[PDB]
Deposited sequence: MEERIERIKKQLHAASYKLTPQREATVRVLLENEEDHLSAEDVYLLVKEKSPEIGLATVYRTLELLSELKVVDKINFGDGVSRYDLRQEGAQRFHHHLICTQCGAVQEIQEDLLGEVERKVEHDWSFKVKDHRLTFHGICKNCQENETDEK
């Protein structure tokens, strides 16, 4: 058992960096969309646009492996879906449509006035800030 512990160990560790081309495909779809903030639905459907023998559960397990091993980050921005964004590694803003899933980054920094107010009001030294907005987007208001 004591060495069976070991056998299993090296099984698991192998399973973590040894990448099947099934896993490798989920990674391809991540690298091919860095700015984009992809859901499990998303990464799935795009893996099928090259290798559709894949299986959704495979795609999920792979993502869930990456996020453990701090290569991607699960995030919930509050649209009620966990999104897997890579960490190639003020942070920008997001508008996330709670229907058509349309993301839009805001390049500007609209906080300013708020950032300062906080500081005064709480005696807090701001360094970084991450804002996400929820609302069915321009195009869905017309379709």
Where does the structure fail to cover the deposited sequence at the C-alpha level?
90-92, 147-151
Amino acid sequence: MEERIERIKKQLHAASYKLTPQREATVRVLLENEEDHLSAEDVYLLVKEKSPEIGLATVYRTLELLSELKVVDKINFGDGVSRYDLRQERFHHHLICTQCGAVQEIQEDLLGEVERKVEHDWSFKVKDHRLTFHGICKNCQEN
From here on, numbers count along this sequence of modelled residues.
Higher of the two mean Cα B-factors (91-99, 73-81; per PDB record) comes from 91-99
Of 10-18 and 130-138, the stretch whose C-alpha atoms average the higher B-factor in the entry:
130-138
For the listed 34, 64, 42, 113, which has the peak Cα B-factor recorded in the PDB entry?
34
Between 56, 46, 38, 106, where does the Cα B-factor run highest in the record?
106
